[PDB]
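Asker: Pasting a structure below so you can have a look.
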Amino acid sequence: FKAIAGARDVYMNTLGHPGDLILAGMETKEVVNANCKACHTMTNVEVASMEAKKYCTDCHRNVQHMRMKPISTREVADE
Amino acid sequence: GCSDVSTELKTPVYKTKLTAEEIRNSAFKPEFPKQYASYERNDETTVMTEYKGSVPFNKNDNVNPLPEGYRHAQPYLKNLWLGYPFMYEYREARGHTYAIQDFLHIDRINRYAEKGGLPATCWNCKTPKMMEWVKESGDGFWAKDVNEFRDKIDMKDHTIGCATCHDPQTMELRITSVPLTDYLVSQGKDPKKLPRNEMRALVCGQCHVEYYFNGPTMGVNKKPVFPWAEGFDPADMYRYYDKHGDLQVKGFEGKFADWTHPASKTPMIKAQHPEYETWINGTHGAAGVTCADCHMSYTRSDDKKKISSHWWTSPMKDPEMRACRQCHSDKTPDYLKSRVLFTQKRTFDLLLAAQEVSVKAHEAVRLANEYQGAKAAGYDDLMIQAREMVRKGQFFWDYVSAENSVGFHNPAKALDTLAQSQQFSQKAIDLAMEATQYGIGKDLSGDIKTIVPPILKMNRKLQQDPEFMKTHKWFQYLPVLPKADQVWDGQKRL
Amino acid sequence: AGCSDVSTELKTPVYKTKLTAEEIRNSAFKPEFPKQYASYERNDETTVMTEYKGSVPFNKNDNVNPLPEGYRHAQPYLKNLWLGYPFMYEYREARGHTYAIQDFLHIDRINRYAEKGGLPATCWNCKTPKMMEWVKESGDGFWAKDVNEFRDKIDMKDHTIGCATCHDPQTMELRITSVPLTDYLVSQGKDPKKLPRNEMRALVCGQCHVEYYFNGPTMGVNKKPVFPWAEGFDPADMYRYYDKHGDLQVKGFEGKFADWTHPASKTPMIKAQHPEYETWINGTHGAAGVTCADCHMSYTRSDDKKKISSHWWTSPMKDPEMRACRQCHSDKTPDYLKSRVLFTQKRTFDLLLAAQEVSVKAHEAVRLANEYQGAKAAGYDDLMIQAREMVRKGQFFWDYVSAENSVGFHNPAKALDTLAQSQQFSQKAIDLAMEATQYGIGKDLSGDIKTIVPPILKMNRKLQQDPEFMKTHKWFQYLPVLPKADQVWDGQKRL
Amino acid sequence: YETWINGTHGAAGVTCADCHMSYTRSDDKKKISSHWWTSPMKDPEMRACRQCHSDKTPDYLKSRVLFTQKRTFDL
Amino acid sequence: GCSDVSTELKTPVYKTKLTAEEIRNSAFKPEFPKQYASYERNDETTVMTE
Ligand code: HEC
Ligand code: HEC
Ligand code: HEC
Ligand code: HEC
Ligand code: HEC
Ligand code: HEC
Ligand code: HEC
Ligand code: HEC
Ligand code: HEC
Ligand code: HEC
Ligand code: HEC
Ligand code: HEC
Ligand code: HEC
Ligand code: HEC
Ligand SMILES: CCCCCCCc1cc(O)c2ccccc2[n+]1[O-]
Ligand SMILES: [Ca+2]
Ligand SMILES: [Ca+2]
Ligand SMILES: [Ca+2]
Ligand SMILES: [Ca+2]
C-alpha cells in the first residue's frame with residue numbers, strides 16, 4: 001500500500017496535473033475507517049454505530065482535517 | 001509482531017428471553033437495564049429550555065406562571081379552534097412515559113359521559129397495545145369509542161415503550177404503525193427491509209406526523225391516514241385535502257374538514273405535530289441527518305462505552321450540546337444555542353403575528369356572514385373564496401404552530417409557510433370586505449385584541465355554565481352543554 | 001526524501017513589488033502578478049447566467065423582454081416603487097468588477113442631458129482607486145462636487161476597481177482604502193491596519209457591498225458617505241438608525257433621514273442598497289467565520305501547479321463542480337449543493353415579489369386617501385402619518401432584501417423573516433389609509449393590483465421629456481415633464 | 001470553605017475547582033477550565049463527577065446527592 | 001524509527017498585554033475569549049436544580 005500510494009503521489013506531484021480539489025479515493029476512505037475501528041473499538045462495542053453511517057467521519061466530521069473551519073485557518077497561497 | 005486488537009468491533013446481535021408478542025415495558029428491564037434507566041429519564045418534568053421543555057403547561061396561556069402558563073404561549077389558540085375539541089385543553093408535549101397518563105387526563109376526550117366522542121383511533125400513537133386490539137377487532141377497531149379501552153390498559157407498563165420500536169426477540173428495529181406501513185407500501189418500500197438511516201427517522205415518523213381519520217365514505221371508517229400522497233410541504237398536504245374528503249357544502253365539494261368553525265362557518269383542516277414532514281427536506285434531513293442522530297445520540301454513560309440515549313427530549317437541556325458536538329466540533333455549545341435561537345425567535349414572533357391576522361380573517365368572514373347592508377352582486381361566490389382563504393391560512397400556520405421544533409427542523413420552510421399564511425388570511429379579509437362593499441370595515445378598525453379578545457379559559461365543564469357562555473361574543477356560536485357530573489377520573493368510574 | 005516539520009503559523013507569502021506607494025493603475029500590477037491578473041480579467045465574461053443571477057446586465061424590472069433586455073426572474077414593480085428617484089431611470093444586474101466604470105458612465109441615473117449630473121461626487125466612492133488622489137487633493141470638499149466633474153478625468157480600463165483598492169502597492173498586504181469603512185472601524189475602536197487575516201477576507205468586500213447614505217448639508221461633512229451601522233446590521237437596527245439620524249422637517253418625521261419623497265403617496269422614503277456585508281455577517285456562513293473570500297475567491301491551481309486565490313468575483317453557481325464549496329462540503333455532490341441554494345432562493349424571490357405587490361398597494365391606498373373627497377375620520381391627520389410611516393418601513397424592509405444580491409442565500413432566515421415583516425407593514429398602511437377615509441377608498445382597491453396600478457416597464461430621462469408619453473400612466477401625473485434638452489454626455493465624450 | 005475542608009471530598013484532596021471549575025472540552029476537543037460557577041447538577045450528564053466516578057451513572061450520582069440533601073434540609 | 005509525538009505536553013505560560021493593576025473584566029476578553037465566553041455563562045438565571 002505504501003509503495004503504491006507513494007509511487008502514485010510522486011507521479012501526481014511531477015508529471016500529472018492535480019485539480020483544485022484533493023479528495024480521498026474510495027480505497028483510502030476504506031483503510032482510514034478501518035483504522036478508526038482499530039483504535040476506538042471499546043467506545044463502540046455495544047452500539048451499531050457501524051450500520052448507521054457508512055464511515056465514522058460522517059459524524060466525526062472534523063477528524064477529516066477540520067473541513068468545516070474557515071479557509072484561512074487551513075490554507076494559504078504558494079511561494 | 002502480533003496485533004493487540006483482541007476485541008474486534010462487531011455489530012451487536014441480540015436474543016432475548018421474551019415471547020414474540022411481548023408488549024410490557026417491565027419485561028424489557030431485566031435484559032437491558034442500561035437503555036431502561038435512560039428510558040426512565042423521560043419522567044423528568046421540571047426543566048424548560050427557551051421555547052420548549054417538559055412542563056405540560058397550557059400552550060394558549062401567556063398569563064399565569066408555570067406550571068399553568070409560560071412567557072412563550074399562543075394566546076389565540078382557543079379562538080382559532082372554536083367548536084373543535086382542541087379548545088378544551090392543549091398542553092406542551094412531554095416525555096414518552098407520560099403518554100397514557102396525559103391521554104386520560106385530557107379534557108379533549110369527553111369525561112362527562114360514557115362515550116368519549118372520539119374514535120379508538122386516538123389510541124393509535126399512544127400504546128403498543130394497538131397490535132392486539134387491531135388483531136382482535138380488525139377494521140372494526142378504529143370506529144369504536146375511545147373510552148372503550150380506557151380501563152383496559154396499564155398506564156406505566158403500556159405507554160409508548162420498547163415494543164413500539166423493537167422486535168421483543170431480536171431487538172431489531174420495527175415499524176409497528178398501521179398508517180406508516182400503509183404509506184411505505186403505497187411507495188413500494190418493504191417495511192422489513194429498510195435502510196438503517198431511514199429507520200432512524202421512520203421509527204419517530206410512526207407518530208410524529210400530521211394525520212386524519214377516514215370519514216364514513218372514504219374507506220375503512222375512522223382509519224388513520226398520513227396525507228402524504230402529494231408530497232410533504234403545506235402546499236402538498238393542502239392539495240391532498242382538496243381531492244380526498246367528504247364535504248358536501250357548496251364551494252367545498254369533495255374536500256376534507258376536521259370541523260367547521262362555528263363563528264366564520266369556515267370548513268377547517270386541523271394540523272398536528274408534523275415533525276417528519278418538516279424534517280425530511282430541512283437543512284438537516286436533506287443531508288441524511290436523522291431524528292435519532294439528535295434525539296437518540298450516543299452517550300458514554302456505561303463506563304466510557306456508548307449506549308443510545310433513550311431520553312427523548314430537547315437537545316437543549318444538555319448545556320454541553322454533546323449531541324451536536326461531533327458534527328459541529330468546531331463550534332461551542334453556546335454558539336450552537338445562539339444559532340438555534342436565531343431561527344426560533346423569528347419563527348415564534350412571526351407565528352403570533354400570523355395567528356392574529358387569522359383571527360381577524362375569521363372575524364371579517366363572521367361580520368360578512370351577518371351583514372345587513374348592501375352586498376356585492378358576487379357576494380356568495382366571494383364568501384366561498386373568503387372562506388377558502390380562512391381555511392388555507394389556518395392550515396399553513398397550524399402546520400408550523402403544531403410543530404415542536406419552532407422553526408429549527410426546517411428554518412426556511414417554517415418561515416416561508418408563515419408568510420404565506422399571512423397572505424392567505426389577509427386575502428380573506430379583503431374578500432369579506434369586497435363582498436360587503438366595505439360596510440364591515442368600521443367593525444375591523446382597532447387592534448384585533450380589543451375587538452376579538454383572546455379566550456383564556458374554556459373546558460367541557462365551563463361550557464355547562466350559561467352565565468359563563470355570555471362572557472365572550474364568540475361563545476354565542478357554541479351550544480350550552482347539558483348539566484353532567486364527571487364520569488371518568490383517569491381510569492376509575494365516578 | 002524530506003525531513004523538517006510543518007508550521008502551525010500559516011505564514012502568508014511576502015512580496016516586495018517594484019511599484020510606488022501611490023500606484024493605482026491596474027495594468028501596472030500585471031507583469032509581477034500574471035496569474036492573479038489573468039484571473040482578474042475573467043470578470044470580462046458577460047454572457048453566462050445562473051438561475052437568479054449571472055453576468056448579463058439585464059434591466060432588473062423587465063420580466064417581459066428576453067436577454068439581454070429582460071429575464072424570467074425580474075421585479076416588474078421596481079419603477080413604480082422608485083418613482084421620482086434616480087433608480088426609476090435605470091437599474092441593471094451587477095456584473096464583473098472590470099466593467100464598473102464603463103457601466104457608471106453608461107447609467108441613466110446620472111443626468112447626461114445637462115452639465116451637472118445632479119448627483120454627488122460620492123458616487124465614485126466605490127467605483128475607482130482614483131478616490132485616494134481625489135480625496136487627498138480636495139479633502140472634505142470632494143464629496144459635494146457634481147459627479148460629472150471627474151467623468152473625463154479617469155481611465156475606464158486602468159482605473160476600475162482593481163488591485164489598489166485592496167492591496168498596498170508595495171508589499172501587497174491586504175488594505176482598507178474606503179473612508180466610510182475606516183470611519184466605522186474607528187468608531188468601534190478597531191485599527192484598520194492591524195486587523196486579523198480572517199476579518200480582512202470579508203472587510204475588503206465590506207468596503208463597497210453595503211447599505212450607505214450621504215450626509216445632508218446639516219448632518220456634518222456635506223454628501224460624505226456613511227454606513228448606518230451604529231444600531232446594528234439588521235433591517236430593524238438600520239431603520240432605528242434612520243429614525244435618529246436625518247434632516248426631515250416634515251411633520252411626524254422630524255429628524256428622520258430620507259433619500260427622497262414618493263410623489264404619489266408623499267411618503268418620505270429610504271433607499272436600501274446591496275447590503276451583502278450586513279446580511280452576510282449574522283447569517284449561517286458569516287457567523288461561523290466563512291468569509292466572502294472563501295466562496296468568491298477560493299483557491300485555484302489552474303495555472304502551472306501553484307495555488308492562487310481566484311480573483312474572479314462572480315456567482316459561485318457558474319461552476320458545474322461547485323469546486324469552491326466542496327473544500328468544505330466534500331461529502332456533498334455539486335447537484336445536492338445547487339438544490340439547497342435553490343431551496344432558499346425560490347422561496348425568497350417568490351416572497352419578495354409578493355411584498356412588492358403589497359408595497360405598491362400601500363402607496364396606492366395612501367395616494368387615494370390623500371386625494372379623498374368624502375367624509376374623513378376625525379383622526380385623518382395622525383392616521384395619514386402612521387400610514388406613511390408604514391409605507392416607509394415596509395419599503396425599506398423589502399428593499400433590504402431585494403437590493404441584496406444573494407437572493408436570500410447569505411442569510412436565509414434574516415431574508416425570509418425580513419420579507420414577512422415588510423408585508424405586515426405595507427398592509428398596515430393600507431388599513432390605516434382605509435381607516436382614515438372611513439373605507440370610502442376600498443372601491444378603488446378591489447381587484448388584482450396589476451390592473452389597478454400596472455407595472456411601469458419603460459422610463460428614462462429622454463422619455464420624461466415627451467409630454468404625450470407622460471400621459472401614459474396614472475402615476476406619471478406626479479412627475480414633472482422634463483425640459484426638452486440634448487444629450488450632453490456620451491460615456492466619456494462631451495457632445 | 002470550613003464545611004468542605006474536612007468533608008468526605010476535601011479530606012481526600014478533592015477541590016472546589018475539581019467540581020465547580022471542571023475541565024470541559026468546548027474548544028474543539030481541547031480542555032479549557034469551566035468558569036461557569038454554579039451547580040454541578042445543571043449538567044444532566046454530571047460530567048464533572050464522571051471521571052472520578054466513571055463507574056456510576058449521572059442519575060446514580062444525583063440520587064446519592066439527594067440522599068444527603070433531603071435529610072439535611074428536612075432536619 | 002522516530003516518535004510521532006511532535007507536540008509535547010507543557011504547562012501553559014502566559015504573558016498578557018495588560019498593565020500590572022488592571023481590574024476591568026472587559027480588558028481580559030481579547031486575550032482569553034474562551035474562558036471569557038465560559039465566564040459569561042454565569043448570566044443564566046432561570047434554571048433550578050432540586
Ligand atoms: C505520508 C505518508 C502521506 C500521506 C499519508 C498522504 N500523502 Fe499525499 N498526495 C500528493 C499529491 C500531489 C496528491 C493529489 C493526488 C490527486 O490529485 O488525486 C496526493 C493525494 C493524497 C491523498 C488523497 C488521494 C488518495 O486517496 O490517495 C491522501 C490521503 C494522501 N495524499 C496522503 C503528494 C504527496 C507527496 C509528494 C511526493 C508526498 C510525499 C505525500 N503526498 C505524502 C503523503
Ligand atoms: C458554495 C457556494 C457553498 C454552498 C453552495 C454551501 N456552502 Fe456552506 N457551510 C459551512 C458551515 C461552517 C455551515 C454551517 C454548519 C456549521 O456551523 O458547520 C454551512 C452550511 C451550509 C448549508 C446549510 C445551511 C443553509 O442555510 O442552507 C448549505 C446549503 C451550504 N453551506 C452550502 C461551511 C462552508 C465553507 C467553509 C469555510 C464553505 C467554503 C462553504 N460552506 C461553501 C458553501
Ligand atoms: C494527565 C495530565 C491527564 C490526562 C493524560 C487526561 N486527563 Fe482528564 N478530564 C477531566 C475532566 C473533568 C474531563 C471531561 C472532558 C469532557 O468535557 O468530556 C477530562 C477529559 C479527559 C479525556 C477525555 C476522556 C473521555 O473520553 O471522557 C482524556 C483522554 C483525559 N482527560 C486525559 C479531569 C482531569 C483532572 C482533574 C482535575 C485531571 C488531573 C486530569 N483530567 C488529567 C488528565
Ligand atoms: C451520531 C452518529 C455517530 C456515529 C455514526 C459515530 N459516532 Fe462516535 N460519537 C458520536 C457522539 C454523539 C459521541 C459523544 C459521546 C459522548 O461524549 O457522550 C461520540 C463519541 C465518540 C468517541 C469519544 C471521543 C470524545 O469525544 O471523547 C469516539 C472515540 C468515537 N465516538 C468513535 C467513533 C468511531 C470509531 C465511529 C465509527 C466506527 C463512530 N464513533 C461513529 C456520534 C457518532
Ligand atoms: C499508547 C496509548 C495510550 C496510553 C498509554 C493511554 N491511553 Fe488513554 N486512550 C488511548 C486510546 C487509543 C483511547 C480510545 C480507545 C477507545 O476509544 O475505546 C483512550 C482512551 C482514554 C480515555 C477515555 C476512556 C476511559 O477509560 O476513560 C481516557 C480517560 C484516557 N484514555 C486517559 C488515559 C490515562 C489516564 C492513561 C494513563 C493511565 C492513558 N489514557 C493511557 C490511548 C492511550
Ligand atoms: C485521524 C485520522 C487521520 C490522520 C491521523 C490524518 N488524516 Fe488525512 N484524512 C483523514 C480523513 C478522515 C480523510 C477524508 C476521508 C474521506 O474522504 O472519507 C483524510 C483525507 C486526507 C487527504 C485528502 C482528503 C481530504 O479531505 O483532504 C489527504 C491529502 C490526507 N488525508 C493526508 C494526510 C496527511 C499528510 C496526514 C499527516 C499529516 C494525515 N492525513 C493525517 C484522517 C486522518
Ligand atoms: C398519528 C399519530 C397521533 C394520533 C393519531 C393522535 N396523536 Fe396524540 N400525540 C401524538 C404526538 C406525536 C404527540 C406529542 C407531540 C405534540 O403533542 O405536539 C401527542 C400528544 C398528545 C397529548 C398530550 C399533549 C396535549 O395535547 O396536552 C394528548 C392528550 C394526545 N396526544 C391525545 C390524542 C387524541 C385525543 C387524539 C385523537 C383526537 C390523538 N392523540 C391522536 C400523536 C398522535
Ligand atoms: C407511539 C407513538 C410515538 C413514537 C413511536 C414516538 N413518539 Fe414522541 N411522543 C409521542 C407522544 C404521544 C408524546 C407526548 C407524551 C405526553 O406528553 O404525555 C411524545 C412526546 C415526545 C417528545 C417530548 C419530550 C419532552 O420532554 O418534551 C419528544 C422530544 C418526542 N416525542 C420525540 C420523539 C422521538 C425523537 C421519537 C423517535 C425516537 C419519538 N418521539 C417516537 C408519540 C410517539
Ligand atoms: C421510538 C423508538 C424507540 C423506543 C421506544 C426504544 N428504542 Fe431502543 N433503539 C431505538 C433506536 C433508533 C436505536 C439505535 C439503533 C441503531 O442505530 O440501529 C435503539 C437501540 C437500542 C438497543 C441497542 C443498543 C444501543 O444502545 O444501540 C437496545 C438494547 C435498546 N434500544 C433497547 C430498548 C429498550 C429496553 C427500550 C424500552 C425501554 C427501547 N429500546 C425503546 C429506538 C427506540
Ligand atoms: C439536527 C438535529 C435534529 C434533528 C435531525 C431532529 N431534531 Fe428535533 N429538535 C432538535 C432541536 C435543536 C430542537 C429544539 C429544542 C428546544 O428548542 O428546546 C428540537 C425539537 C424537537 C421536539 C420538541 C422537544 C420538546 O421539548 O418538546 C421534538 C418533539 C422533536 N424535535 C422531534 C423530532 C423528530 C420526530 C425528528 C424527526 C423527524 C427530529 N426531531 C429531528 C434537533 C433535531
Ligand atoms: C471598489 C468597490 C468594490 C469592492 C472593493 C468590491 N466590490 Fe464587488 N462590485 C462592485 C461594483 C461597483 C460592482 C458593479 C460593477 C458592474 O455591475 O458593472 C460589483 C460587482 C460584483 C459582483 C458581480 C459580478 C458578476 O460576475 O456577476 C460580485 C460577485 C462582486 N461584486 C463581489 C465582490 C467580492 C467577492 C468582493 C471582495 C473580494 C468585492 N465584490 C469587492 C464594487 C466593489
Ligand atoms: C458560503 C458561501 C458564500 C459566502 C460566504 C458569500 N457568498 Fe456571495 N454568493 C454565494 C452564492 C451561493 C450566491 C448566489 C449566486 C447565484 O444565484 O448564482 C452569491 C451571490 C453573491 C453576489 C451576486 C452574484 C452575481 O451573480 O451578481 C454577490 C455580489 C455576492 N454574493 C457578494 C458577497 C459578499 C460581499 C460576501 C461577503 C460579505 C459574500 N458574497 C459571501 C456564496 C457566498
Ligand atoms: C476586492 C478585493 C481585492 C481586489 C480588487 C484584488 N484582490 Fe488580491 N486578494 C484579495 C483577497 C481577500 C486575497 C486573499 C488574501 C488572504 O487570503 O489573506 C487576495 C490575494 C492576493 C494575493 C496573494 C496570493 C494569493 O493568491 O492568495 C495577491 C498577490 C493578489 N491578491 C494580487 C492582486 C492583484 C494583482 C489584483 C488586481 C488585479 C488584486 N489582487 C485585486 C482581495 C482583492
Ligand atoms: C474564582 C477564581 C477565578 C476567577 C474569578 C477566574 N478564574 Fe480563571 N482560573 C481559576 C482556576 C482555579 C484555574 C485553573 C487552576 C490551575 O492552574 O490548574 C483557572 C484557569 C484559567 C486559565 C488557564 C486556561 C484554563 O482554561 O485553565 C485562564 C486563561 C483563565 N483562568 C482566565 C480567566 C478569565 C478570563 C477570567 C474572567 C473572565 C477568570 N479566569 C476568572 C480561577 C478563577
Ligand atoms: C518500498 C516502500 C518504501 C516507500 C515508502 C512510501 C511512503 C508513502 C508515500 C506516500 O505518498 C503515501 C501516501 C499515502 C499513504 C501512504 C504513503 N506512503 O507510505
Ligand atoms: Ca416538550
Ligand atoms: Ca389532521
Ligand atoms: Ca451578477
Ligand atoms: Ca441608502
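All residue names refer to the C-alpha cells as shown: chains lettered A, B, ... in order, residues numbered from 1 in each chain, ligands numbered from 1 in order.
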Using only C-alpha atoms, what table do you get, as CSV, when you list each residue of region 24-44 of chain D with an atom no more than 10 Å from region 53-72 of chain D, its nearest pair of atoms, and their distance in Å rounded to one decimal, rows by chain then rising number?

Answerer:
```
residue,atom,partner,partner_atom,distance
D:40,CA,D:62,CA,9.9
D:41,CA,D:62,CA,7.4
D:43,CA,D:58,CA,9.1
D:44,CA,D:58,CA,6.9
```

Asker: Quick one: pick out all alpha helix (DSSP H) residues within region 302-423 of chain B from a backbone DSSP run and write them as an MDAnalysis selection string.

Answerer: chainID B and resid 333:370 379:401 411:423

Asker: Up to 12 Å from chain D, what residues of chain A turn up? Count only C-alpha atoms and give them as a list in words.

Answerer: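 Written out as asked, the residues are residues 60, 61, 62, 63, 66, 68 and 69 of chain A.
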
Asker: Take the residues that were just selected and, keeping C-alpha atoms, output them as a PDB file, in the first residue's frame.

Answerer:
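Resulting contents of selection.pdb:
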```pdb
ATOM      1  CA  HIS A  60     -16.931  12.882  13.493  1.00  0.00           C
ATOM      2  CA  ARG A  61     -16.714  15.387  10.612  1.00  0.00           C
ATOM      3  CA  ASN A  62     -13.691  17.399  11.736  1.00  0.00           C
ATOM      4  CA  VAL A  63     -11.414  14.353  12.121  1.00  0.00           C
ATOM      5  CA  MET A  66     -11.137  20.244  10.009  1.00  0.00           C
ATOM      6  CA  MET A  68     -15.750  22.827   8.395  1.00  0.00           C
ATOM      7  CA  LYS A  69     -13.469  25.587   9.686  1.00  0.00           C
TER       8      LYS A  69
END
```

Asker: Could you give me, as a list in words, the residues within 9 Å of residue 369 (chain C), counting only C-alpha atoms and dropping anything in the same chain fewer than 6 positions from it?

Answerer: residues 265, 376, 384, 433, 434, 436, 437, 440 and 441 of chain C

Asker: Sorted by chain and rising residue number, list the residues of chain C at most 7 Å from ligand 12 (counting only C-alpha atoms and all ligand atoms), each with its closest atom pair and distance in Å to one decimal, as a tab-separated table.

Answerer:
```
residue	atom	partner	partner_atom_place_in_ligand_line	distance
C:50	CA	ligand 12	18 (O)	4.8
C:51	CA	ligand 12	17 (O)	6.0
C:52	CA	ligand 12	17 (O)	4.9
C:53	CA	ligand 12	26 (O)	4.3
C:54	CA	ligand 12	26 (O)	4.0
C:55	CA	ligand 12	26 (O)	5.8
C:93	CA	ligand 12	27 (O)	6.7
C:94	CA	ligand 12	27 (O)	5.2
C:95	CA	ligand 12	27 (O)	5.8
C:202	CA	ligand 12	37 (C)	5.5
C:205	CA	ligand 12	35 (C)	5.1
C:206	CA	ligand 12	38 (C)	6.3
C:209	CA	ligand 12	35 (C)	5.2
C:276	CA	ligand 12	35 (C)	4.9
C:277	CA	ligand 12	38 (C)	3.8
C:280	CA	ligand 12	38 (C)	4.9
C:281	CA	ligand 12	38 (C)	6.7
C:285	CA	ligand 12	1 (C)	5.2
C:286	CA	ligand 12	5 (C)	6.0
C:290	CA	ligand 12	5 (C)	5.2
C:291	CA	ligand 12	5 (C)	4.6
C:292	CA	ligand 12	41 (C)	3.7
C:294	CA	ligand 12	5 (C)	6.2
C:295	CA	ligand 12	2 (C)	4.6
C:296	CA	ligand 12	7 (N)	6.3
C:314	CA	ligand 12	24 (C)	5.2
C:315	CA	ligand 12	26 (O)	4.2
C:316	CA	ligand 12	11 (C)	5.5
C:317	CA	ligand 12	18 (O)	4.5
C:318	CA	ligand 12	18 (O)	6.6
C:341	CA	ligand 12	12 (C)	6.4
C:405	CA	ligand 12	23 (C)	4.4
C:406	CA	ligand 12	20 (C)	3.8
C:407	CA	ligand 12	17 (O)	6.7
C:409	CA	ligand 12	11 (C)	6.1
C:410	CA	ligand 12	7 (N)	5.9
```

Asker: Ligand 11: which residues are within 8 Å, counting only C-alpha atoms and all ligand atoms? Reply as a PyMOL selection string.

Answerer: chain C and resi 43+45-46+53-57+92-104+125-129+160-162+165-166+201-209+292-293+295-297+311-315

Asker: Give as a PyMOL selection string every residue of chain C that touches chain B within 8 Å, counting only C-alpha atoms.

Answerer: chain C and resi 284+340+343-344+347+351+412-413+416-417+420+431+435+438-440+442-443+446

Asker: Can I get the selection written as an mmCIF file, in the first residue's frame, with N, CA and C atoms?

Answerer:
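Everything below was put into part_7.cif:
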```
data_model
loop_
_atom_site.group_PDB
_atom_site.id
_atom_site.type_symbol
_atom_site.label_atom_id
_atom_site.label_comp_id
_atom_site.auth_asym_id
_atom_site.auth_seq_id
_atom_site.Cartn_x
_atom_site.Cartn_y
_atom_site.Cartn_z
ATOM 1 N N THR C 284 -25.800 32.111 8.483
ATOM 2 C CA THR C 284 -25.179 30.865 8.935
ATOM 3 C C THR C 284 -23.717 30.669 8.509
ATOM 4 N N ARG C 340 -29.865 22.887 -2.527
ATOM 5 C CA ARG C 340 -30.082 23.547 -1.234
ATOM 6 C C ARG C 340 -30.086 25.070 -1.355
ATOM 7 N N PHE C 343 -33.569 25.960 -2.886
ATOM 8 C CA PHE C 343 -34.500 25.885 -1.748
ATOM 9 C C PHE C 343 -34.777 27.258 -1.126
ATOM 10 N N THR C 344 -33.700 27.967 -0.821
ATOM 11 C CA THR C 344 -33.804 29.284 -0.247
ATOM 12 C C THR C 344 -34.229 30.302 -1.312
ATOM 13 N N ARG C 347 -37.996 30.391 -2.676
ATOM 14 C CA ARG C 347 -38.858 30.918 -1.634
ATOM 15 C C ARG C 347 -38.703 32.430 -1.495
ATOM 16 N N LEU C 351 -41.509 35.265 -2.392
ATOM 17 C CA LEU C 351 -41.988 36.123 -1.344
ATOM 18 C C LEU C 351 -41.730 37.610 -1.646
ATOM 19 N N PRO C 412 -30.534 33.069 4.887
ATOM 20 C CA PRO C 412 -31.902 32.564 4.642
ATOM 21 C C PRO C 412 -32.920 33.127 5.625
ATOM 22 N N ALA C 413 -32.682 32.947 6.919
ATOM 23 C CA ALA C 413 -33.654 33.316 7.941
ATOM 24 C C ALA C 413 -33.829 34.823 8.070
ATOM 25 N N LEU C 416 -36.034 35.836 4.801
ATOM 26 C CA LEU C 416 -37.445 35.481 4.816
ATOM 27 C C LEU C 416 -38.204 36.175 5.944
ATOM 28 N N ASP C 417 -37.606 36.208 7.127
ATOM 29 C CA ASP C 417 -38.157 36.945 8.261
ATOM 30 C C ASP C 417 -38.379 38.403 7.914
ATOM 31 N N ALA C 420 -41.247 38.947 5.524
ATOM 32 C CA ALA C 420 -42.538 38.785 6.184
ATOM 33 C C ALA C 420 -42.927 40.032 6.939
ATOM 34 N N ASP C 431 -54.512 49.498 5.811
ATOM 35 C CA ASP C 431 -55.551 49.511 6.819
ATOM 36 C C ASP C 431 -55.785 50.899 7.397
ATOM 37 N N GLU C 435 -58.802 53.348 7.215
ATOM 38 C CA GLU C 435 -59.464 53.820 8.413
ATOM 39 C C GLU C 435 -59.770 55.309 8.290
ATOM 40 N N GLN C 438 -62.761 56.333 6.261
ATOM 41 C CA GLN C 438 -63.953 55.573 6.638
ATOM 42 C C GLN C 438 -64.322 54.556 5.567
ATOM 43 N N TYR C 439 -63.285 54.067 4.885
ATOM 44 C CA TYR C 439 -63.338 52.961 3.911
ATOM 45 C C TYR C 439 -63.895 53.329 2.544
ATOM 46 N N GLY C 440 -64.015 54.625 2.302
ATOM 47 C CA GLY C 440 -64.505 55.128 1.035
ATOM 48 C C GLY C 440 -63.498 54.928 -0.075
ATOM 49 N N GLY C 442 -61.842 51.850 -0.401
ATOM 50 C CA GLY C 442 -61.966 50.428 -0.722
ATOM 51 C C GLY C 442 -62.334 50.150 -2.164
ATOM 52 N N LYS C 443 -63.396 50.807 -2.634
ATOM 53 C CA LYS C 443 -63.880 50.659 -4.005
ATOM 54 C C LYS C 443 -62.803 50.805 -5.090
ATOM 55 N N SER C 446 -59.842 47.099 -5.143
ATOM 56 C CA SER C 446 -60.513 45.827 -5.120
ATOM 57 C C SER C 446 -59.791 44.698 -5.817
#
```

Asker: What residues have any atom no more than 6 Å from ligand 8 when counting only C-alpha atoms and all ligand atoms, and can you list them as a ChimeraX atom specification?

Answerer: /B:53-54,93-96,98-99,102,125-127,160,164,203-204,206-208,291-292,295,312-314

Asker: What are the nearest atom pairs, with distances in Å to one decimal, for all residues of chain A that come at most 10 Å from ligand 1, using only C-alpha atoms and all ligand atoms, set out by chain and rising residue number as a Markdown table?

Answerer:
```
| residue | atom | partner | partner_atom_place_in_ligand_line | distance |
| --- | --- | --- | --- | --- |
| A:2 | CA | ligand 1 | 2 (C) | 7.4 |
| A:3 | CA | ligand 1 | 2 (C) | 10.0 |
| A:4 | CA | ligand 1 | 27 (O) | 9.5 |
| A:5 | CA | ligand 1 | 27 (O) | 6.1 |
| A:6 | CA | ligand 1 | 38 (C) | 6.8 |
| A:7 | CA | ligand 1 | 37 (C) | 8.0 |
| A:8 | CA | ligand 1 | 15 (C) | 7.7 |
| A:9 | CA | ligand 1 | 10 (C) | 4.4 |
| A:10 | CA | ligand 1 | 37 (C) | 4.0 |
| A:11 | CA | ligand 1 | 37 (C) | 7.5 |
| A:12 | CA | ligand 1 | 12 (C) | 4.6 |
| A:13 | CA | ligand 1 | 12 (C) | 4.2 |
| A:14 | CA | ligand 1 | 12 (C) | 7.9 |
| A:15 | CA | ligand 1 | 12 (C) | 9.9 |
| A:16 | CA | ligand 1 | 12 (C) | 8.2 |
| A:17 | CA | ligand 1 | 17 (O) | 7.4 |
| A:18 | CA | ligand 1 | 17 (O) | 4.2 |
| A:19 | CA | ligand 1 | 17 (O) | 5.8 |
| A:20 | CA | ligand 1 | 17 (O) | 8.5 |
| A:21 | CA | ligand 1 | 17 (O) | 7.4 |
| A:22 | CA | ligand 1 | 17 (O) | 5.4 |
| A:23 | CA | ligand 1 | 23 (C) | 5.1 |
| A:24 | CA | ligand 1 | 26 (O) | 3.7 |
| A:25 | CA | ligand 1 | 26 (O) | 3.8 |
| A:26 | CA | ligand 1 | 26 (O) | 6.8 |
| A:27 | CA | ligand 1 | 26 (O) | 6.5 |
| A:28 | CA | ligand 1 | 26 (O) | 4.8 |
| A:29 | CA | ligand 1 | 26 (O) | 7.2 |
| A:30 | CA | ligand 1 | 26 (O) | 9.6 |
| A:31 | CA | ligand 1 | 26 (O) | 9.8 |
| A:32 | CA | ligand 1 | 29 (C) | 8.8 |
```
